[PDB]
Each structure stands twice: as structure tokens, then as C-alpha cells.
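Engineer: I am attaching a structure below and will ask some questions about it afterwards.
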Amino acid sequence: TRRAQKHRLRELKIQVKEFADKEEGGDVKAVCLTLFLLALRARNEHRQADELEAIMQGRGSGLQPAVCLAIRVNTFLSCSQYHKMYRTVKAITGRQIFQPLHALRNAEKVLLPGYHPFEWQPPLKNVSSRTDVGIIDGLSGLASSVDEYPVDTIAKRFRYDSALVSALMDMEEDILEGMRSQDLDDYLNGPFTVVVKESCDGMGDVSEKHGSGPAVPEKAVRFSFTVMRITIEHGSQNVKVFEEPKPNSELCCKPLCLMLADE
Amino acid sequence: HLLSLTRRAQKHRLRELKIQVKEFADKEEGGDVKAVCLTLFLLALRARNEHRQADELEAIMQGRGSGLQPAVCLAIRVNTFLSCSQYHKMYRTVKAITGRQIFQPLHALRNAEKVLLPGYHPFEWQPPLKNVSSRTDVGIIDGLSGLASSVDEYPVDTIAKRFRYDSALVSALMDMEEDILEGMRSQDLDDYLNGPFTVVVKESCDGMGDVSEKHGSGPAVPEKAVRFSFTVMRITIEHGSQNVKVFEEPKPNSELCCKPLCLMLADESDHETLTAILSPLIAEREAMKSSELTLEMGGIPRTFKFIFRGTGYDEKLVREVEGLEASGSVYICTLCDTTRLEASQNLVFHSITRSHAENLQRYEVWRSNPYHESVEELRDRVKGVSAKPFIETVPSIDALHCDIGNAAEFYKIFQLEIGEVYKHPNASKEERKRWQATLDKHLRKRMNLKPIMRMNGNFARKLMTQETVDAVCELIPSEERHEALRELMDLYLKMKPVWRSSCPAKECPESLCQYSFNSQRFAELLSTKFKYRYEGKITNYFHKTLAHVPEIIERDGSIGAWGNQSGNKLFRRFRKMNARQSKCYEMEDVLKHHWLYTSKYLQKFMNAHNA
Ligand SMILES: [Mg+2]
Ligand SMILES: [Mg+2]
Ligand SMILES: [Zn+2]
């Protein structure tokens, strides 16, 4: 019990106390912690040593909902099985480490375009000033009644300014880091210059028809954009505060609209 | 500060302290530096009244904290349909964003899944088990069992992968070890108690329809698949002379308790390949029927017996593997030798007069024909036996077929009673169609029901109501017919709980009683009041519901059910998400995944959140 181990190790306790008062001057905590960690790492059990170091330094047990949403999107996970795994881990570990679908969807709708405000010095004629709208119909109010031109291609689209400001907002951290690295302060103003490239191409067969075989050669198309250069001109010359490492990749192709129409 | 220095600098500064601690350890405890360091650190941590951190440290050292034992992560990965690459990505991402290793690596998961696959734990048998190898570290094997695929032989294109029967049973027992221990502890029994454990096991076999994954290119091949699985139904033990059920399955006819033996790609109607694949399993089963397993699961030797019951066979397969004709025979009852003509006359008075030995005898008589009789008389003397049986089957029925048959009969009864056919000897088909349309419109207007020729269970359940028969009888005069229909509906609703309770011996024994009485009353009412339905037609489901219900109850004591599209979707998901190519390792991988999915250990670790 406690009394037995205390009676058996009081000598070691007072010895470590004297040695810490002589060397560290009343720092038995750090001495014993470092000794325990070194022993556990020499025992070739670095897992428990790292876990103890994390739980003693003050590292959080759970994680932010943003990382959960990120891994859920990058692993192609549904909602039912995700909730199943969440509740299973919460029941096994006792504590809550992951995050339910509520905060996940909250962070999702926060990150989606059409959330944070912005403005334009010109009035931007033929464009509304509303700034809380995201996905809309790609038909743009095209009347498709019985007495008009037949059309059935479902199309969805973002707003160009909305998607643009959303991309700028999610790359704000990277461009601020670049500006801090390129011998520049933080209280800087523009006018920043952003080079945006546009691209669009078809997809081919996107229909997994299995009812009777090959039914229709349904072809789709996507219109997208990509940011690959952000510069600022201060004083005389300029400095490229952001240059895309590999723009010809399938990870920075910000999409605008999707249509189920032939090329 | 000391916490800011690297491990190298801290080691250089505390070498003397470490030497003193280790020499004290080897001089007092005798080379126990680990335990003395743990105790010293725990005391130094508790010296500042840090009981929360002390309890967390104790939980971490014990391993019951944020460890995520490889079994739990394996269950998660196998249930959420997670591949190896995506799981490794998630693991490394969480480890980098958290710092600690909360999940497990891939090799730990491989070890955890190999410790559960069949052919790992040792076992033995009291009999030598002739014609069976004694090797005990084999898992997935080719289901053909030394085929003859040479070019000069009968061609066959199948991929059969199977586990060994004894290996699968030992794996299932090692899986349910904890469950049976908990059960015997809850049943007020000693922790140490040898066998023999009477293990009643259910046997089943059914196809999977279509498992092809061809996106386009037209309907190239049907590619029909088929499986063969078992399910441990119950375990019983005795203390002296009195028996006591020590383990009973909560959901026998479920999907999470389907332990698969073999998986192959062959048509169910393909008889020769099915026989060639299932002969080794039948041989193993008949050799194990009279053996004694010995295991060391609970630290002490435990003996095991087995009782096999092949009740998981549908009608299409029980009319093919048993030797009878598929569908064109006059004989319809799979228990009695009553013809279709005699079944319409004799309703309830029957008995089970079929077994495997008598079927073998009848097939031998058919083959030899020692009496030298004509073909028709020989056929009606062998009671339709034409093929040789090779699997001892125990047929059974479910409530769904019974109720749909009763409703299909009552629908035509309503049509015949609304058409006034008792006064019209010969009617016309168009007049009967007009009767049907009028009845459908009246029902849709009063009861608000949607008629359809395609019959199912929901239609039969919603049609069998007292309000329905009242609404369809209030139209016809001569209220004596109304009273007859009332008595018929009353007898039906009194007989329903017999097969709609799953336990007549405990749920409703009074309903089980007087069954023959009410059945005879119903037969007398049908043969006297409704003396017109005798057209030489009778349904086998209705015959089994009338006659062979009490015998099945006395044999087993339950009916239950069989959720049609249940296994095919799971097989397709396993074959698409987590499976290999080459059509050779694909079946092994899907079988391993299905076995890991049907494990009681992983399921218990999963559904533990309800507590
Ligand atoms: Mg192109
Ligand atoms: Mg079937
Ligand atoms: Zn019968």
C-alpha cells in the first residue's frame, strides 16, 4: 500500500530531495520527471513515454472540429458510419476526443463561400450586393416550361466573387506567413495583385447505370478557377508574397460550376 | 530549466542519479529499476496533491485509458469499411495533430486480425478423426479440395475458398470464450467446471443472386455466387443430472451471426459442381458428429460435443438437395407423402413420414426396381424420389409464407362470396374480373387500401383485419354468411399467436392448446359452408400451416423468420471497397473480411456504447 512503499522508499525520497536541492535547488518535480522519461525511453517503450510527456506538458486530448472535418472529407466518410465510429470511440476511451456532426456542419458552413462580408468600391453593375448566398441553380432563371426550348441538364454554380473571396480567406494565413517571411510587417495595405487562371473540361461517362446496362452516354462538365500568384508593390518595386508550388495539380482547382451537359 | 534541455543534456546531468538509483535497485530489489522508478515518480507526483494526474498516470500504465487496444481499432476499420491506405492516412494525421499515438499502426492491426482468424489456437480430439489431417495452423484453403482442372477432364470455372470445419468451430469458441464465461458466471456456476458442453449448431446455405460489377459493356455474364455458412445456436451444460441452458443466441436468424465456411461462384442449379464442393464439408460434418473436442480456452481442459441441424435451407434448395423433384411433382409436403389431390381432401390429419434413411431406401428401390412395374406406379410408389440425397436436412417454415398463403386464399374466398357463385354453377372469367374490380374499388373507397397482384407481407398483414371482413361482408345479404366469415376470422386470429410468438411454450401455452380442435372446426366449416373451393388446387404453405405446425413445434418450439437483400449488398461492398484483384485472392479477402465482421468479440466492442 501507500504506507509500505513510503516506509521502504523514504531513503530514496530524501536522497533525491538532497540531490535536487544541491543541483537544481528544490526542483524534485523536473528531476523525477526527466528520470522517469529517460528510463521509459531506455526501456524501448517510447509510446508510453510520449503519452506521459504529452499528458504532463498539458497537451489537449481531443482535437478541433476542423481537423475532424478535414479527415472526414479526405477519407470519403459518410455520416452514419462516422457517427458510429464517434460514439464507439467516445464509449471506449470514456472521454470525448472526436467531434459530433453538429460542430462539424457548423465549421463546414463557416468555411463555405458566402459567410464573411466584403465590399467593392465600384458598384459592380448587373450584380447584387447580397453576401450570404452560396450554391445556386446554374440555369440562372432560365424558363424551362412546356412552351420553351427543351432543356433538362441540371447545373449548379457558386458566385464568382463569393468563391473568390472564400479562396482568399482560406489562403489568408498562407499569404500572411509569406508576407511576414518576405521582410514585411503586418499592418500593410494593398493594392494586392492576384493572378487567377480559369479552366474547364468535360468528364465523360459519369453514370453508373446497372439496371439494364449502357443506357445513355451522359457527359458532364465543370468550370473552375485557380489562384497561383499574389504580389504587392511597395515603394518602387514589388515582391511576390505568394507563388504556387505546383499549380498543375488536382488539389488547388477551385470549382465554380457543374453541369450535366455535353461538351 | 531542466525541462527545456534535450534528453542528451539531461542524461549527462543525471548520469550520477541514474547510477545511484540503479545500484540501489540491484542491491535492494534485485534488478527492479523499472518498478522502483515508477513508485518513486508516483510518490513525487502525489507529493503535490496531484491526484487527478496520478489517476491518469495509473490508467495509462494499466492500459485502460487512451490506448485504443488493437482489437477496437480493427473492429472500427472493419465496420466502417476503411481501406489500409486511408486508415494509415487517418492514423498519421491524428498522431501528427495530437502528438500522442492514440491509434495503432498497421502491423499491430495485422497481428490482432491474425490472432482471431481460424487455425491459431491449439486443440485436440479424443477420437483420431480419420480422413482428417492433424495439422492445426491452416486457414483459408481452396474449396475444390484437389480439383481435376486438367484439360482432359470435365471443364469447370469456379473459385471456391473455404475454412476448415473444426478450425472454424475452434475459432468461434475462442471468440465466444468471454461470452460463455460471463454466461456461466451469471448462471450461478463455478469458474472451474469441465464439460461436456452440448453445442447445438444451426446449418444454412443460400445463394447471393448477382454479384457482377460490370459498369457497362452490356450484360456480359450473370456471374452468380453462393456461400455456405453455419451458426452456433446454443450451448448447454449440466451439473450432475439436471441440465441448464448456459448460452442462448439473442437473434438466431440475423446477419451478424452468420459464420461462413465456404464461398464460391457457382449457380445454385449447377448440381455437379455444388456436390463436388460440398462433399468434403459433409464428410467432415459426418465424421465430427461422433467426436469429442478438447480445448484449453479457460486455462483448464474443456470437452465439447456437437449436434448439427440443417434448418437454414429454403424450399428451392431443400427440394433439390434432398432428391425430390423441384416443382413439377404432385407431392408438395416436404414432411408427408400426401399428393396434391389428397391434400385438398385431408386438411389437418397428417404426420411427418420423411427422413434421410427412408429417402436413401426409396432411391435404392427406384434404381433397382425389383418388382418390375410400370413407370407411373413406380413413381407413385417412390413418392417422387428420383435423385440420391446426400445432405441430411431438417426442413422448416416461417410465418411470412403462412400468412401470405392465408391472405391469398382469403382474397379468392372474398371474391367467390361477393360474386354469388354458390347459385351460379358456371361463371365467366370476365365476370370474375368485374367482381375483382368492384371489390378493389369498394375496398379502396372504404378501407383505403391499394390492391396489387404482386403480393407481399405488408399487404397480407394490413388485409387481415376484422374491419376489412366486416366491410366486405356488409354488402352481401344472408347474414348467416356474415356469421360464417366471423367464425373464420376468429379462428384465424386465434391460431395466429401460435406461429406469431416465437415461443408458444412460454409466451402463450393456452394458444398452443386446442390447436387441433380449432383446426378441425375450421376444416369442418370449410368443407360444409364453403363447399365450392374444392377445385383440385392446394398450396403447400397452407397445408404445412394447417397440419405440420404442432409437429414442428414439438420438434423445435419456435417459428421465427429468415431482409432479403442482406448478404448480396454486403458481399458487393466488401468486393468493391476492401478487396484485391486477380479473382484468386479476391475471394480469400472477402471471406476474411466477412469472418472478421461476424465476430462476436468485435460486435461486442462496437455496441458497447448502449451501456
Ligand atoms: Mg478537353
Ligand atoms: Mg434461397
Ligand atoms: Zn404435408
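Read top to bottom, the protein sequences are chains A and C. The numbers in the entry's author numbering rise by one with no breaks, and the one at position 186 of the first sequence is 585. Residue numbers 395 to 956, 960 to 1008, in the entry's author numbering, belong to the letters of the second sequence in order. Backbone N, C-alpha and C define an ideal beta-carbon position, used for all residues, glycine too.
Can you round the beta-carbon distance between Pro512(C) and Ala448(C) to whole angstroms, since I take them to be within the 8 Å contact cut?
Structural biologist: Numbered from its first residue, the second sequence carries residue 512(C) at position 118. Numbered from its first residue, the second sequence carries residue 448(C) at position 54. At roughly 43 Å, the Cβ-Cβ gap does not stay under 8 Å, so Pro512(C) and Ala448(C) are not in contact.
Engineer: Please list, in chain order, all residues of the same chain as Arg894(C) whose beta carbon is under 7 Å from its beta carbon, the five residues on each side excluded.
Structural biologist: In the second sequence, the residue the question calls residue 894(C) occupies position 500. Once the five neighbours on either side are set aside, the close Cβ partners of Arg894(C) are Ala793.
Engineer: Would you kindly report the start and end of the unbroken alpha helix (DSSP H) that includes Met627(A)?
Structural biologist: As a first step, residue 627(A) must be located in the first sequence, where it is residue number 228. Taken as a continuous stretch (DSSP letters only), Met627(A) belongs to no alpha helix (DSSP H), being part of the beta strand (DSSP E) at 618-632.
Engineer: What is the rounded straight-line gap between the Cα of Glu518(A) and the Cα of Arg621(A)?
Structural biologist: Taking the first residue of the first sequence as position 1, residue 518(A) is located at position 119. Taking the first residue of the first sequence as position 1, residue 621(A) is located at position 222. For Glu518(A) and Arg621(A), the distance between alpha carbons rounds to 27 Å.
Engineer: Find out if the Cβ-Cβ distance for the pair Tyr998(C), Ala542(C) is shorter than 8 Å.
Structural biologist: As a first step, residue 998(C) must be located in the second sequence, where it is residue number 601. As a first step, residue 542(C) must be located in the second sequence, where it is residue number 148. No; because the gap between Cβ atoms is not below 8 Å, this pair is not in contact.
Engineer: Could you work out which residue in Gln1000(C), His1006(C), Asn1007(C) is closest to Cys651(C) when comparing CA atoms only?
Structural biologist: Along the second sequence, read from residue 1 onward, the residue named residue 651(C) stands at position 257. The option with the nearest alpha carbon to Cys651(C) is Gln1000(C).
Engineer: Identify which residue in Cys431(A), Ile413(A), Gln520(A), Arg558(A) has its Cα closest to the Cα of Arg407(C).
Structural biologist: Taking the first residue of the second sequence as position 1, residue 407(C) is located at position 13. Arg407(C) has its Cα closest to that of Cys431(A), out of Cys431(A), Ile413(A), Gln520(A), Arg558(A).
Engineer: Could you tell me whether any non-hydrogen atom of ligand 2 is closer than 7 Å to the CB of residue 959(C)?
Structural biologist: Gap note for chain C: numbering proceeds from 956 to 960 with nothing in between, so residue 959(C) has no coordinates.
Engineer: Do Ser749(C) and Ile932(C) count as a contact pair if the criterion is CB distance below 8 Å?
Structural biologist: The residue you call residue 932(C) lines up with position 538 of the second sequence. The residue you call residue 749(C) lines up with position 355 of the second sequence. No, Cβ-Cβ distance for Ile932(C) and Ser749(C) is not below 8 Å.
Engineer: Since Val488(A) and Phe497(A) are thought to touch, with beta carbons under 8 Å apart, how far apart are those beta carbons, to the nearest angstrom?
Structural biologist: Position 89 of the first sequence, counted from the start, is the residue given in the question as residue 488(A). Position 98 of the first sequence, counted from the start, is the residue given in the question as residue 497(A). Right, the Cβ-Cβ distance comes to about 6 Å (below 8 Å), so this counts as a contact.
Engineer: Would you list the residues whose beta-carbon is nearer than 7 Å to any heavy atom of ligand 2, in the order they occur in the chain?
Structural biologist: With the cut-off at 7 Å, the residues found are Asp600(C), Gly601(C), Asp708(C), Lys710(C), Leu711(C).
Engineer: Below 7 Å on C-beta distance, what does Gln404(C) contact in chain A?
Structural biologist: Translated into positions along the second sequence, residue 404(C) becomes position 10. Here the neighbours are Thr433, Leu437.
Engineer: Against chain C, with Cβ distances strictly below 8 Å, would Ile454(A) count as a contact?
Structural biologist: Numbered from 1 along the first sequence, position 55 holds the residue referred to as residue 454(A). Yes, contact with chain C.
Engineer: Given that a residue counts as buried once 16 or more other Cβ atoms are within 10 Å of its Cβ, and exposed if not, what is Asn753(C)?
Structural biologist: To locate residue 753(C), count along the second sequence from 1; it is residue 359. When all chains shown are included, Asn753(C) counts as buried.
Engineer: Spell out the partners DSSP gives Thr592(A) in its beta bridges.
Structural biologist: If you number the first sequence from 1, residue 592(A) lands on position 193. Looking at the DSSP assignment, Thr592(A) forms a beta bridge with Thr630(A).
Engineer: Taking 7 Å as the cut-off, is the C-beta of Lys938(C) nearer than that to any heavy atom in ligand 3?
Structural biologist: Sequence index remark: in the second sequence, residue 938(C) carries index 544 (1-based). Yes; taking the cut-off as 7 Å, the Cβ of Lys938(C) has a heavy atom of ligand 3 nearer than that.
Engineer: Is the closest heavy atom of ligand 3 to the C-beta of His744(C) under 7 Å?
Structural biologist: Counted from its first residue, the second sequence places residue 744(C) at position 350. Checking every heavy atom of ligand 3 against the Cβ of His744(C), one is found closer than 7 Å.
Engineer: Who are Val638(C)'s beta bridge partners in DSSP?
Structural biologist: Working through the second sequence from its first residue, we reach residue 638(C) at position 244. The partner list for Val638(C) (beta bridge, DSSP) reads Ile631(C).
Engineer: Which one or two residues does DSSP pair with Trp519(C) in a beta bridge?
Structural biologist: By 1-based counting over the second sequence, the position of residue 519(C) is 125. Note: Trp519(C) sits in a beta bridge opposite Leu687(C).
Engineer: Taking 8 Å as the CB-CB limit, is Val615(C) close to chain A?
Structural biologist: Position 221 of the second sequence holds residue 615(C). With 8 Å as the cut-off, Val615(C) does not count as an interface residue toward chain A.
Engineer: What's the gap between the Cα of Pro819(C) and the Cα of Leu657(C)?
Structural biologist: If you number the second sequence from 1, residue 819(C) lands on position 425. If you number the second sequence from 1, residue 657(C) lands on position 263. C-alpha separation (whole angstroms): 56 Å.
Engineer: Give me, in chain order, the residues of the same chain whose beta-carbon lies closer than 8 Å to that of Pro516(C); leave out the 5 immediate sequence neighbours on both sides.
Structural biologist: Looking up residue 516(C) in the second sequence gives position 122. Within the same chain, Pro516(C) has close Cβ partners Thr530, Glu690.
Engineer: Using the Cα positions of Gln414(A) and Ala502(C), report the straight-line distance between them to the nearest angstrom.
Structural biologist: Your numbering for residue 414(A) matches position 15 in the first sequence. Your numbering for residue 502(C) matches position 108 in the second sequence. Answer to the nearest angstrom: the Cα atoms are 41 Å apart.
Engineer: Output, in chain order, the set of chain C residues within a Cβ distance shorter than 7 Å of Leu411(A).
Structural biologist: Along the first sequence, read from residue 1 onward, the residue named residue 411(A) stands at position 12. Here the neighbours are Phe418, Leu434.
Engineer: Counting pairs of beta carbons, one from the stretch 586-603 of chain C and one from the stretch 692-705 of chain C, are three or more of them closer than 8 Å?
Structural biologist: They touch, by the three-pair rule.
Engineer: How big is the Cα-Cα spacing for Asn763(C) and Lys777(C)?
Structural biologist: By 1-based counting over the second sequence, the position of residue 763(C) is 369. By 1-based counting over the second sequence, the position of residue 777(C) is 383. For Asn763(C) and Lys777(C), the distance between alpha carbons rounds to 14 Å.
Engineer: Quick check on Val472(C) - is its C-beta less than 8 Å from some C-beta in chain A?
Structural biologist: Taking the first residue of the second sequence as position 1, residue 472(C) is located at position 78. Judged by the 8 Å Cβ criterion, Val472(C) is not in contact with chain A.
Engineer: Mark residue 959(C) as exposed unless 16 or more other C-beta atoms lie within 10 angstroms of its C-beta, in which case mark it buried.
Structural biologist: Coordinates for residue 959(C) are absent; the numbering of chain C skips from 956 straight to 960.
Engineer: Could you tell me the alpha carbon to alpha carbon distance between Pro654(A) and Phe971(C), rounded to whole angstroms?
Structural biologist: Here residue 654(A) is taken as the residue at index 255 of the first sequence, counted from 1. Here residue 971(C) is taken as the residue at index 574 of the second sequence, counted from 1. Using only the alpha carbons, I get a separation of about 32 Å.
Engineer: Is there a Cβ from chain C that is less than 8 Å from the Cβ of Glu607(A)?
Structural biologist: Locating residue 607(A) in the first sequence gives position 208, where the first residue counts as 1. Answer yes: the Cβ-Cβ gap between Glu607(A) and chain C drops below 8 Å somewhere.
Engineer: Check whether the Cβ atoms of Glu811(C) and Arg875(C) sit closer than 8 Å, and answer yes or no.
Structural biologist: Position 417 of the second sequence, counted from the first residue, corresponds to residue 811(C). Position 481 of the second sequence, counted from the first residue, corresponds to residue 875(C). Contact: yes.
Engineer: Opposite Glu597(A) in the DSSP bridges: which residues?
Structural biologist: Taking the first sequence and counting its residues from 1, one reaches residue 597(A) at position 198. DSSP, once it has assigned bridges, lists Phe624(A) as partnering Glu597(A).
Engineer: Give, in chain order, every residue of the stretch 504-530 of chain C whose Cβ lies closer than 7 Å to some Cβ of chain A.
Structural biologist: Cβ contacts with chain A come from no residue of the stretch 504-530 of chain C.
Engineer: What alpha helix (DSSP H) runs, 4 residues minimum, are completely inside the stretch 859-935 of chain C?
Structural biologist: You should have 860-867, 873-893, 903-906, 909-922.
Engineer: What is the residue span of the alpha helix (DSSP H) that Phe853(C) lies within?
Structural biologist: What you label residue 853(C) is simply residue 459 of the second sequence in a count that begins at 1. Its alpha helix (DSSP H) spans residues 851-857.
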